[PDB]
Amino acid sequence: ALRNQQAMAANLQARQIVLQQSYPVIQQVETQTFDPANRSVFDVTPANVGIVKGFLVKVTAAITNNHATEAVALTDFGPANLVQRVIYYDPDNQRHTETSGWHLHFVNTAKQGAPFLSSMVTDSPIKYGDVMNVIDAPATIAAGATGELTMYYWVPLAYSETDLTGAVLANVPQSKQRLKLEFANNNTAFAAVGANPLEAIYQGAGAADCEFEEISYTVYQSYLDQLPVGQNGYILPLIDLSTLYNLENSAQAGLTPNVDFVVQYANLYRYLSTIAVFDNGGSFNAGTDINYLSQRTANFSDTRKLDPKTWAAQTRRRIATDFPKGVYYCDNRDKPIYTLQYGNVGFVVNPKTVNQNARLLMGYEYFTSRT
């Protein structure tokens, strides 16, 4: 136990020194403009330099609705669905995050404490506001019109700007990293009336005649350069750099009215946050199809069994607003769910109404060691 306490102390000190001595850099890695009808999957090759903290991905797109008369309107996720999936592999080909664009975006929001890169509305007479359209998409695209969209995603390796847990040391000249981006295409972006809008950007009677004109992306890599050297070479937080900080998502089915649907935290990961999306057969409701949600331990005791509005209240304290309809969030950052500290734990949803093809899309944020 002394070897550990000292190991953690050494790690923190090394982290603190790296942060004080190195200088942060953010620089463009690659940009590409394309038509997803031609290609929608791209493998970006990050530069191998210093300690890598994450990637900021700018995505723009132009969409045209050529329907003769009908419009389409943004889905609840909208531009967050411009990227369908993101997967990162480090120089040792160890996979870190692999999740959907919508889940990654919701975590970006949770970590910011407000809708990611949004512009807050105030009474200021000075002309602050949505000036630069950092994340933007027209509410509707009428028949015959073309809309322009902009979206940003932060793909994290390091947990934060000050906590390097999960960061990647990329100083091995011949071992490349891989950032795979799978973009939306005409098939995923447009949903007909009555179809499931989960993965779509726009939905409406004009959907069949909507097409992307183009999508463009620019990946910026954030890293620390001029790493401090000491009496043993680079001073590095060994625990930070051998821990993976990942996001992943999965789908669970088998819900029945008034019965507890339990999703066990199946791995021995340290779960920092959990997102549960109740895709009630293509319908996304504002809590009205749920009796309660909870986190429960094998001891059968609930640590937070709450009605939907009260559950939402806790989230409002975290992001200053509510996540979209049917999206529920749970913060476990200070005391991560770890099944080896207490019995197995489960995330619980007791549904009031269950439509055909109902399912819970689970999104997790967690730490785990490489070994």
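A residue's number is simply how far along the shown sequence it sits, counting from 1.
In the other compared entries of this protein that model both flanking residues, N232 lacks coordinates in at least a third of them.
For the segment pair 286-294 and 72-80, the entry gives 286-294 the higher mean B-factor, averaged over Cα atoms.
In this entry, the higher average B-factor at the C-alpha atoms falls on 249-257, of the pair 249-257 and 131-139. Per the deposited coordinates, the residue with the largest Cα temperature factor out of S222, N108, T188, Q231 is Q231. For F34, the recorded CA B-factor ranks within the middle third of the chain. Only modelled residues enter the ranking.
The entry lists a Cα temperature factor for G204 that places it in the middle third of the chain's modelled residues. Placement of the Cα temperature factor of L236 within the chain: highest third of the modelled residues, per the deposited record. The entry lists a Cα temperature factor for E161 that places it in the highest third of the chain's modelled residues.
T122 sits in the lowest third of its chain by CA B factor, as recorded in the PDB entry.
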